[PDB]
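J.: The file below is coords-v2.cif, mmCIF, C-alpha atoms (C1' of nucleotides); chains and numbers go by the auth columns:
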```cif
data_entry
#
loop_
_atom_site.group_PDB
_atom_site.id
_atom_site.type_symbol
_atom_site.label_atom_id
_atom_site.label_comp_id
_atom_site.label_asym_id
_atom_site.label_seq_id
_atom_site.Cartn_x
_atom_site.Cartn_y
_atom_site.Cartn_z
_atom_site.B_iso_or_equiv
_atom_site.auth_seq_id
_atom_site.auth_asym_id
ATOM 1 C CA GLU A 1 64.690 -31.993 52.053 0.00 206 A
ATOM 2 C CA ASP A 2 62.286 -34.948 52.219 0.00 207 A
ATOM 3 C CA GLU A 3 62.368 -35.985 55.888 0.00 208 A
ATOM 4 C CA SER A 4 62.479 -34.295 59.322 0.00 209 A
ATOM 5 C CA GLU A 5 59.319 -32.193 58.862 0.00 210 A
ATOM 6 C CA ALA A 6 60.879 -30.428 55.866 0.00 211 A
ATOM 7 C CA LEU A 7 58.267 -30.608 53.090 0.00 212 A
ATOM 8 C CA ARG A 8 55.319 -32.504 54.617 0.00 213 A
ATOM 9 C CA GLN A 9 53.995 -29.320 56.228 0.00 214 A
ATOM 10 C CA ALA A 10 54.492 -27.586 52.872 0.00 215 A
ATOM 11 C CA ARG A 11 52.364 -30.243 51.172 0.00 216 A
ATOM 12 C CA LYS A 12 49.697 -29.912 53.873 0.00 217 A
ATOM 13 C CA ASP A 13 49.570 -26.115 53.591 0.00 218 A
ATOM 14 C CA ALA A 14 49.415 -26.457 49.802 0.00 219 A
ATOM 15 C CA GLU A 15 46.464 -28.855 50.037 0.00 220 A
ATOM 16 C CA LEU A 16 44.761 -26.403 52.427 0.00 221 A
ATOM 17 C CA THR A 17 44.230 -23.743 49.759 0.00 222 A
ATOM 18 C CA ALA A 18 41.124 -21.940 48.514 0.00 223 A
ATOM 19 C CA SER A 19 41.703 -22.518 44.771 0.00 224 A
ATOM 20 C CA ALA A 20 38.951 -20.064 43.909 0.00 225 A
ATOM 21 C CA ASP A 21 38.665 -21.355 40.337 0.00 226 A
ATOM 22 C CA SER A 22 36.035 -24.096 40.257 0.00 227 A
ATOM 23 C CA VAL A 23 37.786 -26.218 37.619 0.00 228 A
ATOM 24 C CA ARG A 24 41.057 -26.138 39.563 0.00 229 A
ATOM 25 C CA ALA A 25 39.192 -27.021 42.765 0.00 230 A
ATOM 26 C CA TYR A 26 37.551 -29.966 41.000 0.00 231 A
ATOM 27 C CA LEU A 27 40.939 -31.156 39.738 0.00 232 A
ATOM 28 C CA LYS A 28 42.352 -30.916 43.265 0.00 233 A
ATOM 29 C CA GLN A 29 39.418 -32.900 44.659 0.00 234 A
ATOM 30 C CA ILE A 30 39.667 -35.545 41.928 0.00 235 A
ATOM 31 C CA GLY A 31 43.381 -35.872 42.648 0.00 236 A
ATOM 32 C CA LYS A 32 42.910 -37.592 46.008 0.00 237 A
ATOM 33 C CA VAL A 33 41.968 -41.095 44.753 0.00 238 A
ATOM 34 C CA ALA A 34 44.517 -43.512 43.305 0.00 239 A
ATOM 35 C CA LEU A 35 44.146 -45.219 39.942 0.00 240 A
ATOM 36 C CA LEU A 36 43.099 -48.870 39.760 0.00 241 A
ATOM 37 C CA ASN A 37 44.096 -51.855 37.638 0.00 242 A
ATOM 38 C CA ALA A 38 42.458 -54.967 36.192 0.00 243 A
ATOM 39 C CA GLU A 39 42.397 -56.890 39.475 0.00 244 A
ATOM 40 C CA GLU A 40 40.945 -54.054 41.548 0.00 245 A
ATOM 41 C CA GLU A 41 38.235 -53.361 38.987 0.00 246 A
ATOM 42 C CA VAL A 42 37.241 -57.031 38.722 0.00 247 A
ATOM 43 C CA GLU A 43 36.790 -57.515 42.471 0.00 248 A
ATOM 44 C CA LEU A 44 34.912 -54.215 42.611 0.00 249 A
ATOM 45 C CA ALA A 45 32.635 -55.711 39.950 0.00 250 A
ATOM 46 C CA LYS A 46 32.239 -58.817 42.116 0.00 251 A
ATOM 47 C CA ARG A 47 31.306 -56.669 45.119 0.00 252 A
ATOM 48 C CA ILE A 48 28.696 -54.631 43.241 0.00 253 A
ATOM 49 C CA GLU A 49 27.206 -57.812 41.781 0.00 254 A
ATOM 50 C CA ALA A 50 26.903 -59.242 45.296 0.00 255 A
ATOM 51 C CA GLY A 51 25.266 -56.033 46.507 0.00 256 A
ATOM 52 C CA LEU A 52 22.749 -56.022 43.656 0.00 257 A
ATOM 53 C CA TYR A 53 21.890 -59.688 44.230 0.00 258 A
ATOM 54 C CA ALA A 54 21.379 -59.072 47.951 0.00 259 A
ATOM 55 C CA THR A 55 19.185 -56.042 47.242 0.00 260 A
ATOM 56 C CA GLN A 56 17.036 -58.125 44.889 0.00 261 A
ATOM 57 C CA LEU A 57 16.769 -60.837 47.551 0.00 262 A
ATOM 58 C CA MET A 58 15.622 -58.336 50.171 0.00 263 A
ATOM 59 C CA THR A 59 13.107 -56.869 47.726 0.00 264 A
ATOM 60 C "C1'" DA B 1 -1.646 103.849 -74.862 0.00 1 B
ATOM 61 C "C1'" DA B 2 -6.529 104.860 -77.190 0.00 2 B
ATOM 62 C "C1'" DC B 3 -11.036 102.516 -78.434 0.00 3 B
ATOM 63 C "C1'" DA B 4 -15.896 99.848 -79.039 0.00 4 B
ATOM 64 C "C1'" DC B 5 -18.379 95.139 -77.601 0.00 5 B
ATOM 65 C "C1'" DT B 6 -20.869 90.180 -74.586 0.00 6 B
ATOM 66 C "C1'" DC B 7 -21.480 87.833 -69.951 0.00 7 B
ATOM 67 C "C1'" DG B 8 -23.616 86.709 -63.829 0.00 8 B
ATOM 68 C "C1'" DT B 9 -26.900 88.407 -61.103 0.00 9 B
ATOM 69 C "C1'" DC B 10 -30.795 89.517 -59.539 0.00 10 B
ATOM 70 C "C1'" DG B 11 -35.530 90.018 -59.438 0.00 11 B
ATOM 71 C "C1'" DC B 12 -39.857 88.480 -60.867 0.00 12 B
ATOM 72 C "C1'" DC B 13 -43.645 85.307 -62.635 0.00 13 B
ATOM 73 C "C1'" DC B 14 -46.094 81.027 -63.469 0.00 14 B
ATOM 74 C "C1'" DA B 15 -46.735 75.817 -62.474 0.00 15 B
ATOM 75 C "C1'" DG B 16 -46.644 71.702 -59.278 0.00 16 B
ATOM 76 C "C1'" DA B 17 -44.246 68.514 -54.800 0.00 17 B
ATOM 77 C "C1'" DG B 18 -46.176 66.825 -51.773 0.00 18 B
ATOM 78 C "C1'" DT B 19 -48.220 67.910 -47.702 0.00 19 B
ATOM 79 C "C1'" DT B 20 -51.617 69.190 -44.902 0.00 20 B
ATOM 80 C "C1'" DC B 21 -56.383 69.669 -44.045 0.00 21 B
ATOM 81 C "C1'" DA B 22 -59.993 67.322 -44.522 0.00 22 B
ATOM 82 C "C1'" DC B 23 -64.420 64.991 -47.173 0.00 23 B
ATOM 83 C "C1'" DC B 24 -66.804 59.662 -48.176 0.00 24 B
ATOM 84 C "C1'" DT B 25 -66.980 54.027 -48.135 0.00 25 B
ATOM 85 C "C1'" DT B 26 -66.403 48.651 -46.831 0.00 26 B
ATOM 86 C "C1'" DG B 27 -64.105 44.945 -45.414 0.00 27 B
ATOM 87 C "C1'" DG B 28 -64.226 44.256 -41.591 0.00 28 B
ATOM 88 C "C1'" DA B 29 -62.666 41.936 -35.964 0.00 29 B
ATOM 89 C "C1'" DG B 30 -64.993 40.134 -33.362 0.00 30 B
ATOM 90 C "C1'" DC B 31 -69.234 38.459 -30.695 0.00 31 B
ATOM 91 C "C1'" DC B 32 -72.461 35.424 -30.594 0.00 32 B
ATOM 92 C "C1'" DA B 33 -75.469 31.027 -32.079 0.00 33 B
ATOM 93 C "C1'" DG B 34 -75.654 26.485 -33.517 0.00 34 B
ATOM 94 C "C1'" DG B 35 -74.020 21.633 -34.526 0.00 35 B
ATOM 95 C "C1'" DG B 36 -71.409 17.794 -34.598 0.00 36 B
ATOM 96 C "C1'" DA B 37 -67.780 13.892 -33.625 0.00 37 B
ATOM 97 C "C1'" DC B 38 -64.427 12.880 -30.555 0.00 38 B
ATOM 98 C "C1'" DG B 39 -61.506 11.832 -27.574 0.00 39 B
ATOM 99 C "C1'" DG B 40 -61.487 11.192 -22.900 0.00 40 B
ATOM 100 C "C1'" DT B 41 -63.700 8.461 -19.610 0.00 41 B
ATOM 101 C "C1'" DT B 42 -65.909 4.473 -17.574 0.00 42 B
ATOM 102 C "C1'" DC B 43 -67.362 0.172 -17.381 0.00 43 B
ATOM 103 C "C1'" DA B 44 -69.247 -4.936 -19.125 0.00 44 B
ATOM 104 C "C1'" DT B 45 -66.220 -8.974 -20.735 0.00 45 B
ATOM 105 C "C1'" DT B 46 -62.332 -12.874 -21.955 0.00 46 B
ATOM 106 C "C1'" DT B 47 -60.294 -16.407 -21.561 0.00 47 B
ATOM 107 C "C1'" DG B 48 -54.558 -15.989 -22.765 0.00 48 B
ATOM 108 C "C1'" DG B 49 -51.773 -15.919 -19.373 0.00 49 B
ATOM 109 C "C1'" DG B 50 -48.887 -15.555 -15.037 0.00 50 B
ATOM 110 C "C1'" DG B 51 -48.306 -18.775 -11.013 0.00 51 B
ATOM 111 C "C1'" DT B 52 -47.131 -22.115 -7.396 0.00 52 B
ATOM 112 C "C1'" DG B 53 -46.308 -25.479 -3.625 0.00 53 B
ATOM 113 C "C1'" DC B 54 -45.050 -29.404 -3.234 0.00 54 B
ATOM 114 C "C1'" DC B 55 -42.692 -33.663 -4.614 0.00 55 B
ATOM 115 C "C1'" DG B 56 -41.138 -38.518 -7.231 0.00 56 B
ATOM 116 C "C1'" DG B 57 -36.911 -38.434 -7.688 0.00 57 B
ATOM 117 C "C1'" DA B 58 -32.406 -38.004 -9.976 0.00 58 B
ATOM 118 C "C1'" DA B 59 -28.215 -36.488 -9.300 0.00 59 B
ATOM 119 C "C1'" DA B 60 -24.693 -33.528 -7.385 0.00 60 B
ATOM 120 C "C1'" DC B 61 -22.343 -32.402 -3.029 0.00 61 B
ATOM 121 C "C1'" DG B 62 -20.831 -31.643 1.317 0.00 62 B
ATOM 122 C "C1'" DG B 63 -18.952 -33.978 4.863 0.00 63 B
ATOM 123 C "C1'" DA B 64 -18.360 -37.672 8.298 0.00 64 B
ATOM 124 C "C1'" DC B 65 -16.011 -41.835 9.353 0.00 65 B
ATOM 125 C "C1'" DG B 66 -12.975 -45.502 9.567 0.00 66 B
ATOM 126 C "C1'" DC B 67 -8.602 -47.041 8.560 0.00 67 B
ATOM 127 C "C1'" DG B 68 -4.103 -47.045 6.326 0.00 68 B
ATOM 128 C "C1'" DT B 69 0.942 -44.423 5.657 0.00 69 B
ATOM 129 C "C1'" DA B 70 4.833 -40.829 6.827 0.00 70 B
ATOM 130 C "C1'" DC B 71 8.650 -38.415 8.449 0.00 71 B
ATOM 131 C "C1'" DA B 72 10.158 -36.130 13.269 0.00 72 B
ATOM 132 C "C1'" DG B 73 11.504 -36.596 17.272 0.00 73 B
ATOM 133 C "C1'" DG B 74 13.100 -39.595 20.885 0.00 74 B
ATOM 134 C "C1'" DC B 75 15.556 -43.674 23.079 0.00 75 B
ATOM 135 C "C1'" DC B 76 19.375 -46.761 22.718 0.00 76 B
ATOM 136 C "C1'" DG B 77 23.559 -49.037 22.007 0.00 77 B
ATOM 137 C "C1'" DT B 78 28.340 -49.430 19.958 0.00 78 B
ATOM 138 C "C1'" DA B 79 34.063 -53.858 24.289 0.00 79 B
ATOM 139 C "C1'" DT B 80 42.568 -52.870 22.326 0.00 80 B
ATOM 140 C "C1'" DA B 81 43.403 -48.859 24.873 0.00 81 B
ATOM 141 C "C1'" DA B 82 42.543 -44.454 24.650 0.00 82 B
ATOM 142 C "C1'" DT B 83 43.019 -41.624 32.979 0.00 83 B
ATOM 143 C "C1'" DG B 84 44.438 -33.826 35.558 0.00 84 B
ATOM 144 C "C1'" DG B 85 42.833 -26.798 29.725 0.00 85 B
ATOM 145 C "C1'" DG B 86 45.087 -23.424 26.927 0.00 86 B
ATOM 146 C "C1'" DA B 87 45.307 -18.506 27.265 0.00 87 B
ATOM 147 C "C1'" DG B 88 45.258 -14.202 29.226 0.00 88 B
ATOM 148 C "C1'" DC B 89 47.505 -9.943 28.774 0.00 89 B
ATOM 149 C "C1'" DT B 90 47.316 -7.357 31.919 0.00 90 B
ATOM 150 C "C1'" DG B 91 50.389 1.540 30.378 0.00 91 B
ATOM 151 C "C1'" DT B 92 44.362 5.176 34.947 0.00 92 B
ATOM 152 C "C1'" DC B 93 43.799 7.856 38.633 0.00 93 B
ATOM 153 C "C1'" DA B 94 41.485 9.599 42.178 0.00 94 B
ATOM 154 C "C1'" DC B 95 40.836 7.547 46.579 0.00 95 B
ATOM 155 C "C1'" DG B 96 37.680 5.536 50.912 0.00 96 B
ATOM 156 C "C1'" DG B 97 37.728 2.115 53.262 0.00 97 B
ATOM 157 C "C1'" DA B 98 37.699 -2.941 54.282 0.00 98 B
ATOM 158 C "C1'" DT B 99 40.853 -6.204 54.519 0.00 99 B
ATOM 159 C "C1'" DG B 100 43.909 -10.024 55.483 0.00 100 B
ATOM 160 C "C1'" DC B 101 48.225 -9.562 58.170 0.00 101 B
ATOM 161 C "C1'" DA B 102 50.614 -6.771 61.274 0.00 102 B
#
```
Have the structure of the file written as structure tokens, please.
T.:
Amino acid sequence: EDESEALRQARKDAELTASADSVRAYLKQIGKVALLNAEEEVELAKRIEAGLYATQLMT
DNA sequence: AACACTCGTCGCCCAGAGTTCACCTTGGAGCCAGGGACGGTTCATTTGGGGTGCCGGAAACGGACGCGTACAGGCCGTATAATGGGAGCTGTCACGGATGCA
């Protein structure tokens, strides 16, 4: 079923697939990153603002 | 069936058709001689006329020259939330060989 090495190897072998169609391959590759929410996006904005400010300072 | 009359045909004889043969004239046909005027030529004028190169300049005219306007195309931004495609139709066969699995 779910545990005892039952379907994890199936998921791994599924992810290790050619997927010769480029659109399907792109969808597979885009599938590996989780969605965000309001909090995560706002602190990401804080981080990029800090990076831009530091880059301007070094310039 | 018996009986007593008038008409082509030819020759011949004399005069001219018109034709030839053969005689005198006279208007020549042209041949040349002489004299214009004449039209073709040439050369004097004769100033009536064509002519002109350039310009003051007046006006067109061709274009430059500077400066406005005009859409065409390009860049740019829109703050609720909106977080993984439809569709494709696929009856071949031969068959050599690689090829992903045996």
J.: In Å to one decimal, how far is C1' of residue 84 in chain B from CA of residue 235 in chain A?
T.: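 Answer for the CA of residue 235 in chain A to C1' of residue 84 in chain B separation: 8.1 Å.
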J.: Name the residues captured by the PyMOL selection byres ((chain A) within 10 of (chain B)) when it is applied to the shown file; answer as a PyMOL selection string.
T.: chain A and resi 228-229+231-233+235-236+240-241
J.: Would you save the residues from that selection as a CSV table (one decimal), in the coordinates of the input, using C-alpha atoms?
T.:
```csv
chain,number,residue,atom,x,y,z
A,228,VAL,CA,37.8,-26.2,37.6
A,229,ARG,CA,41.1,-26.1,39.6
A,231,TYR,CA,37.6,-30.0,41.0
A,232,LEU,CA,40.9,-31.2,39.7
A,233,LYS,CA,42.4,-30.9,43.3
A,235,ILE,CA,39.7,-35.5,41.9
A,236,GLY,CA,43.4,-35.9,42.6
A,240,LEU,CA,44.1,-45.2,39.9
A,241,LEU,CA,43.1,-48.9,39.8
```
J.: I'd like the box whose edges run along x, y and z of the file and which contains every listed atom of range 239-255 of chain A, padded by 3 Å per side; could you state its centre and edge lengths in Å, one decimal, as AutoDock Vina command-line options?
T.:
```
--center_x 35.7 --center_y -51.4 --center_z 40.7 --size_x 23.6 --size_y 21.7 --size_z 15.1
```
J.: Just give me the gap between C1' of residue 78 in chain B and CA of residue 254 in chain A in Å, one decimal is fine.
T.: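 Between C1' of residue 78 in chain B and CA of residue 254 in chain A the gap works out to 23.4 Å.
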J.: For residue 220 in chain A, find every residue with an atom within 12 Å (counting all atoms listed in the file), except residues of its own chain fewer than 4 positions away, and show them as an MDAnalysis selection string.
T.: chainID A and resid 213:216 224 230 232:234 236:237
